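Below is one structure; the comments refer to it alone.
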Amino acid sequence: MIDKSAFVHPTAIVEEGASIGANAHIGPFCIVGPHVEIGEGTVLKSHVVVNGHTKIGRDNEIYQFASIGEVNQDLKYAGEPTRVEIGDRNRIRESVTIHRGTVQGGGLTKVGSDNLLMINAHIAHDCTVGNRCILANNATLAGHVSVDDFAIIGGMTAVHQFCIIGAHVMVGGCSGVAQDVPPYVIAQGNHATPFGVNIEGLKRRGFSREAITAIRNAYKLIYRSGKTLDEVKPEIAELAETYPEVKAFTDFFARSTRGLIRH
Amino acid sequence: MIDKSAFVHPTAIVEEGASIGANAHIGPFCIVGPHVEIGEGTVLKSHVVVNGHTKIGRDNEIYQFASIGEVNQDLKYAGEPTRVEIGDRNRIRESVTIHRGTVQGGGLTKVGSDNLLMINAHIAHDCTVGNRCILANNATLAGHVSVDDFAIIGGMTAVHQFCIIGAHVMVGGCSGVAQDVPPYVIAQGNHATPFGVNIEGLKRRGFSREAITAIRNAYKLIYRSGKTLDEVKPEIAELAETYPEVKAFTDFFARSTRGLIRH
Amino acid sequence: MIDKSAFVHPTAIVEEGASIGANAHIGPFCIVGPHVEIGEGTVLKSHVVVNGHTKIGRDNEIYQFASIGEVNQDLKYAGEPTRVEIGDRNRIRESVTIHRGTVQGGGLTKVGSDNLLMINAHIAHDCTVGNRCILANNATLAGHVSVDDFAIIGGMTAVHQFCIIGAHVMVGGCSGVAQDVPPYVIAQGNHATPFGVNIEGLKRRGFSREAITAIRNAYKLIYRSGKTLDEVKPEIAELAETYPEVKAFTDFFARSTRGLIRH
Ligand SMILES: CCCCCCCCCCC[C@@H](O)CC(=O)O[C@H]1[C@H](O)[C@@H](CO)O[C@H](OP(=O)(O)OP(=O)(O)OC[C@H]2O[C@@H](n3ccc(=O)[nH]c3=O)[C@H](O)[C@@H]2O)[C@@H]1NC(C)=O
Ligand SMILES: CCCCCCCCCCC[C@@H](O)CC(=O)O[C@H]1[C@H](O)[C@@H](CO)O[C@H](OP(=O)(O)OP(=O)(O)OC[C@H]2O[C@@H](n3ccc(=O)[nH]c3=O)[C@H](O)[C@@H]2O)[C@@H]1NC(C)=O
Ligand SMILES: CCCCCCCCCCC[C@@H](O)CC(=O)O[C@H]1[C@H](O)[C@@H](CO)O[C@H](OP(=O)(O)OP(=O)(O)OC[C@H]2O[C@@H](n3ccc(=O)[nH]c3=O)[C@H](O)[C@@H]2O)[C@@H]1NC(C)=O
Ligand SMILES: COc1ccccc1C[C@@H]1COCCN1C(=O)c1cc(-c2cc(C)ccn2)n[nH]1
Ligand SMILES: COc1ccccc1C[C@@H]1COCCN1C(=O)c1cc(-c2cc(C)ccn2)n[nH]1
Ligand SMILES: COc1ccccc1C[C@@H]1COCCN1C(=O)c1cc(-c2cc(C)ccn2)n[nH]1
Numbered sequence: 001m002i003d004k005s006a007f008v009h010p011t012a013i014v015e016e017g018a019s020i021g022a023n024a025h026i027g028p029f030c031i032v033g034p035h036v037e038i039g040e041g042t043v044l045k046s047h048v049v050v051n052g053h054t055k056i057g058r059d060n061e062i063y064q065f066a067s068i069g070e071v072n073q074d075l076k077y078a079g080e081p082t083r084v085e086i087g088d089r090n091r092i093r094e095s096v097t098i099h100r101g102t103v104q105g106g107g108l109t110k111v112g113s114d115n116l117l118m119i120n121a122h123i124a125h126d127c128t129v130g131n132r133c134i135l136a137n138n139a140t141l142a143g144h145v146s147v148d149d150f151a152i153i154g155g156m157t158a159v160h161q162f163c164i165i166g167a168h169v170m171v172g173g174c175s176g177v178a179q180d181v182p183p184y185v186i187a188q189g190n191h192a193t194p195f196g197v198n199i200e201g202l203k204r205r206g207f208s209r210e211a212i213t214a215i216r217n218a219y220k221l222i223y224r225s226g227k228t229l230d231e232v233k234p235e236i237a238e239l240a241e242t243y244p245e246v247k248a249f250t251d252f253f254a255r256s257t258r259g260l261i262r263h
Numbered sequence: 001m002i003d004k005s006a007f008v009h010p011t012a013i014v015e016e017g018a019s020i021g022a023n024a025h026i027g028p029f030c031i032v033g034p035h036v037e038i039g040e041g042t043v044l045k046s047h048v049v050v051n052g053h054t055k056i057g058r059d060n061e062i063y064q065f066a067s068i069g070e071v072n073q074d075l076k077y078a079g080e081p082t083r084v085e086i087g088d089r090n091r092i093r094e095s096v097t098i099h100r101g102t103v104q105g106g107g108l109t110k111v112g113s114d115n116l117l118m119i120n121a122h123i124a125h126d127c128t129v130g131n132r133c134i135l136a137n138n139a140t141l142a143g144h145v146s147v148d149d150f151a152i153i154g155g156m157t158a159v160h161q162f163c164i165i166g167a168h169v170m171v172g173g174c175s176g177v178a179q180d181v182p183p184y185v186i187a188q189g190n191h192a193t194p195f196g197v198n199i200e201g202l203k204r205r206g207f208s209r210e211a212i213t214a215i216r217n218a219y220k221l222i223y224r225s226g227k228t229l230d231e232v233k234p235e236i237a238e239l240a241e242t243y244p245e246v247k248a249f250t251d252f253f254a255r256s257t258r259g260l261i262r263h
Numbered sequence: 001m002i003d004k005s006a007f008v009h010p011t012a013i014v015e016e017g018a019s020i021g022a023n024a025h026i027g028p029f030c031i032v033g034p035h036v037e038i039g040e041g042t043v044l045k046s047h048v049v050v051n052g053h054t055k056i057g058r059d060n061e062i063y064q065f066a067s068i069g070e071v072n073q074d075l076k077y078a079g080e081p082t083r084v085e086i087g088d089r090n091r092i093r094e095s096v097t098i099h100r101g102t103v104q105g106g107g108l109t110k111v112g113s114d115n116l117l118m119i120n121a122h123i124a125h126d127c128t129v130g131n132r133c134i135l136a137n138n139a140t141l142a143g144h145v146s147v148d149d150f151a152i153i154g155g156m157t158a159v160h161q162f163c164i165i166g167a168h169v170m171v172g173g174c175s176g177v178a179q180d181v182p183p184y185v186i187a188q189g190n191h192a193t194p195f196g197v198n199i200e201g202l203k204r205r206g207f208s209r210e211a212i213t214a215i216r217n218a219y220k221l222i223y224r225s226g227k228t229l230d231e232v233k234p235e236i237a238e239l240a241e242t243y244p245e246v247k248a249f250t251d252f253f254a255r256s257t258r259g260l261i262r263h
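Chains as they are written, first to last, in the authors' numbering: chain A, 1 to 263; chain A', 1 to 263; chain A'', 1 to 263. A prime marks a further copy of an entry chain.
Structure below.
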């Protein structure tokens with residue numbers, strides 16, 4: 001159902017069954033499939049393709065030549081009715097591609113809220129992008145990648161399938177990420193290696209001096225102590241008993257499947 | 001001539017003279033020039049530009065914002081009526097560009113069958129892509145490049161003009177290929193260097209244990225023996241007398257103009 | 001005002017107030033905003049978005065899926081009426097993005113004349129591209145970058161914000177530029193470092209033997225003498241008293257804010 005306060009440009013093609021919310025705007029030459037839901041106030045500027053079983057929240061801005069909900073590039077995909085979920089207040093720039101999930105991978109590609117996906121960023125099948133993330137131009141996620149809250153990924157950088165980009169991470173431009181990046185870490189290179197804690201990002205986001213110090217000490221446990229990851233896991237959990245921000249490492253370790261990036 | 005069983009969307013613009021085969025589908029806002037031939041069952045999803053003297057085979061899937069047959073980017077090109085040929089059952093993803101040839105380069109850009117060209121892959125003027133290849137997102141071929149059968153090129157990787165990517169090669173992502181890559185080789189880096197035989201690919205494609213061993217021995221002749229390429233050419237031909245798969249090296253050497261990638 | 005000799009395709013949408021010059025051509029499914037000026041003979045092939053306060057000169061060729069004048073990607077931008085200027089005889093290829101300025105950065109993104117901007121090149125807010133430049137496929141400028149006359153930037157290369165790419169520079173493909181590149185220099189790598197003078201480019205552009213020798217001697221002062229930049233500045237100015245081409249270094253030093261690329 002198309003809300004009476006939505007604008008649908010006369011040249012756009014909205015298939016019967018699409019749901020278009022109040023004060024949304026579907027610009028010229030857009031295509032919107034019959035299983036799409038577009039939330040209140042969301043704007044498709046022009047020349048946007050949205051299809052598949054795809055739910056888009058409110059106050060998004062989706063620029064021309066973006067493709068949202070499209071069939072993914074996994075050769076294993078066979079046309080099964082998988083899904084895309086996109087939250088609120090995202091800025092999704094020209095030529096961005098966000099592809100539907102695979103049955104094998106859980107059936108869902110998900111993007112949160114308040115993200116900036118720059119020109120030609122790619123969100124593959126079964127990826128999970130959190131909130132307040134930035135993907136710079138041409139940043140490219142293979143299938144099943146997680147980009148956790150507040151993480152940023154620089155221009156031209158690509159991420160190998162299943163890798164986790166931890167919360168508050170900064171991945172430099174011109175980099176290739178082949179393993180998991182712990183929360184709060186700066187990573188750069190081909191393949192990417194760690195370069196300390198993202199102190200400036202934490203400072204800007206209201207982390208206390210004590211929390212940043214604890215996070216730096218956890219980083220030192222992982223990368224400077226010389227111990228195995230199995231030895232440091234209980235030491236990190238111990239530190240988190242006092243500084244709850246350090247728990248993000250514990251939560252990340254439980255999800256990590258590819259090992260950590262290392263020098 | 002447009003086959004009576006083809007679908008041409010009312011918003012598409014198919015110029016008089018275009019040939020559109022049985023059960024093909026030209027989606028909304030596509031443009032098809034007067035010297036284009038589109039084979040039986042091929043689908044242009046929407047927002048696709050096809051022009052030039054361009055022949056496209058059967059059962060292709062061409063996604064939105066692709067540009068097929070377009071004027072190439074060689075400053076030497078002056079508008080001469082050069083050509084593109086594309087075979088059957090290719091998946092040509094969003095924003096892929098496939099450009100027409102140059103008179104200087106032979107007049108023809110050619111793509112075979114059963115290829116997967118991921119988002120924003122670029123096939124420059126006078127390139128030849130074989131069958132069953134994969135170009136991942138943003139993989140970029142300069143002019144005159146050959147990508148031989150079953151070769152795969154990872155995300156963000158670019159290939160310098162005239163280079164040959166040999167049959168069954170795997171080029172990693174985030175790489176820059178500046179010289180020729182022999183068949184059956186894994187290559188990675190900036191600039192790309194060899195990392196042994198693509199054993200897993202050969203195994204999956206039905207190569208025998210004996211053939212893979214011979215191919216590994218040929219690789220050792222090239223990269224481990226310490227001899228010059230001129231010394232090993234007759235030794236590789238000798239080995240091919242028993243194992244015909246090794247002949248691919250001989251055939252490749254005859255085409256190679258840029259020297260081989262090396263450690 | 002639309003000149004009576006301009007062609008505007010019936011499917012294009014040109015907003016009242018746009019200025020379209022004599023013998024210009026607005027192809028199918030283009031969108032042209034009300035503050036756009038398109039000069040005499042310029043061609044928008046099809047599927048082009050031009051908006052903002054954007055002035056485009058004469059005899060340009062702008063290919064499908066380009067976005068010219070669009071809102072920039074700087075989070076600081078708040079919708080202020082900033083500008084784009086583009087000169088004459090540019091070739092602006094598929095999917096190129098050229099974004100409007102920011103108030104903070106001076107309000108203007110500017111591109112000169114006779115440039116070739118290959119597929120998916122990106123010109124961010126407040127950039128200044130000169131004349132006769134080449135940006136190869138996916139070459140990506142962050143905000144405020146200068147690309148000076150005749151400079152060329154290879155495929156997949158990105159440039160960090162505020163950097164200067166000096167006149168007649170050649171930046172290789174697959175590179176990441178993080179500091180300023182003096183005129184006449186070859187740069188390559190991640191991050192890019194200098195590799196001598198672009199002798200072949202200067203030769204082709206009519207520089208004399210004496211001028212190229214002086215430029216090589218200036219390069220040696222900067223990178224081989226072992227002196228500080230402050231010591232060599234007056235030595236370079238002294239050399240320019242005889243060879244005026246060397247003054248380009250002096251002019252560049254005065255603009256440089258990020259330090260020079262170095263080995
Ligand atoms: C330095 C880091 C650089 C990172 C660059 C990343 C660029 C990503 C671009 C976006 C891609 C995304 O949209 C889709 C995606 O990631 O799909 C894959 C899917 O996430 C995965 C898991 O579910 O499965 C697939 O990848 P795999 O590599 O696991 O697939 P495969 O085992 O089928 O191998 C693919 C091809 O490689 C060949 N191969 C494989 C291994 C080997 O050793 N040699 C070889 O030739 C093999 O013959 C086959 O033709 C999927 N692929 C394909 C082509 O189906
Ligand atoms: C680590 C590997 C990275 C690989 C990155 C590859 C990215 C490829 C992107 C797709 C490009 C493709 O669509 C088109 C293409 O490859 O065309 C060229 C064509 O295949 C070639 C052969 O036929 O000829 C041309 O390339 P060349 O480099 O040989 O051309 P040229 O000799 O005219 O030089 C181009 C410019 O470089 C300048 N130059 C050249 C040499 C030098 O030493 N310094 C210099 O400044 C020269 O002044 C001129 O302005 C063609 N180019 C141009 C701009 O005309
Ligand atoms: C090896 C070289 C690789 C180069 C790759 C370049 C790819 C460029 C792609 C085109 C981008 C272009 O269209 C737009 C652009 O460049 O905009 C920025 C604008 O030119 C700049 C100056 O005016 O200002 C901004 O960049 P900054 O990096 O200076 O911005 P910021 O200080 O707001 O930081 C951005 C984010 O990074 C986080 N941050 C910053 C520093 C740090 O140490 N850690 C960290 O997490 C911070 O929390 C914030 O969320 C602007 N960005 C944003 C996102 O607003
Ligand atoms: C470090 O800043 C980041 C990092 C990650 C994600 C976003 C940004 C913001 C900047 C500017 O806003 C546009 C996007 N940006 C970039 O992609 C980006 C990367 C580099 C870079 C620089 C160096 C020296 C090394 C590696 N990478 N320079 N700019
Ligand atoms: C190695 O897998 C390849 C290689 C070439 C071409 C295609 C693929 C398939 C994968 C997944 O399907 C999407 C496309 N892919 C990639 O582009 C790709 C490259 C890398 C990579 C990883 C490492 C560690 C080093 C270099 N490169 N990781 N993923
Ligand atoms: C060196 O040639 C340049 C350089 C800068 C800008 C444009 C060009 C012209 C070429 C061909 O015309 C298409 C665009 N090109 C490229 O992007 C380009 C880069 C490399 C390369 C090669 C090596 C060995 C190292 C680094 N880079 N090979 N090709």
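Just so it is clear, CB atoms sit at the ideal spot from N, CA and C, and this is done for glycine as well.
Interface residues of chain A' facing residue i [CB-CB closer than 7 Å]
i, result
"residue 67/A", "64 and 94"
Under 7 Å between C-beta atoms of residue i and residue j
i, j, result
"residue 102/A", "residue 77/A", "yes"
"residue 182/A'", "residue 166/A'", "yes"
"residue 292/A'", "residue 48/A'", "Examination of residue 292/A' is not possible in this model, given that chain A' is present from 1 through 263 alone."
"residue 118/A'", "residue 73/A", "yes"
"residue 58/A''", "residue 70/A''", "no"
"residue 239/A'", "residue 246/A'", "yes"
"residue 121/A", "residue 147/A", "no"
"residue 168/A", "residue 201/A", "yes"
"residue 98/A", "residue 68/A", "yes"
Other residues of its chain near residue i: CB distance less than 6 Å, five sequence neighbours each side excluded
i, result
"residue 192/A", "175, 177 and 261"
"residue 235/A''", "221"
"residue 145/A''", "127, 159 and 163"
Under 9 Å from the C-beta of residue i: neighbouring residues of chain A''
i, result
"residue 73/A'", "91, 93, 116, 118, 119, 136 and 137"
"residue 266/A'", "Examination of residue 266/A' is not possible in this model, given that chain A' is present from 1 through 263 alone."
Partner residues on chain A'' for residue i, Cβ-Cβ distance less than 7 Å
i, result
"residue 170/A", "Result: empty, since nearest Cβ-Cβ is about 14 Å, beyond 7 Å."
"residue 42/A'", "Ordered by position in chain A'', no residue passes the 7 Å Cβ test against residue 42/A', which lies about 20 Å from the chain."
"residue 97/A'", "94 and 119"
Contacts of residue i in chain A'' (Cβ-Cβ under 8 Å)
i, result
"residue 155/A", "140, 142 and 158"
"residue 190/A", "190"
Close Cβ partners of residue i (< 7 Å) along its chain, the five nearest in sequence each way excluded
i, result
"residue 116/A'", "91 and 134"
"residue 105/A''", "125, 126, 143 and 144"
"residue 189/A'", "175"
Contact between the stretch 122 to 139 of chain A and the stretch 148 to 155 of chain A: three or more CB pairs below 8 Å? yes
Listed in chain order, which residues of the stretch 106 to 137 of chain A have Cβ atoms closer than 9 Å to some Cβ of chain A''? 116, 118, 119, 120, 134, 136 and 137
To be precise: take each residue of the stretch 13 to 35 of chain A, compare its Cβ to all Cβ atoms of chain A', and keep it if any distance is under 9 Å. Which residues remain? 13, 29 and 31
At a Cβ cut of 7 Å, what residues of the stretch 157 to 181 of chain A'' count as close to chain A, listed as they run along the chain? 158 and 176
Cβ contact (3+ pairs, closer than 8 Å) linking the stretch 23 to 30 of chain A and the stretch 39 to 50 of chain A: yes
Looking at chain A'', which residues of the stretch 237 to 248 of chain A' have a Cβ within less than 9 Å of any of its Cβ atoms? none
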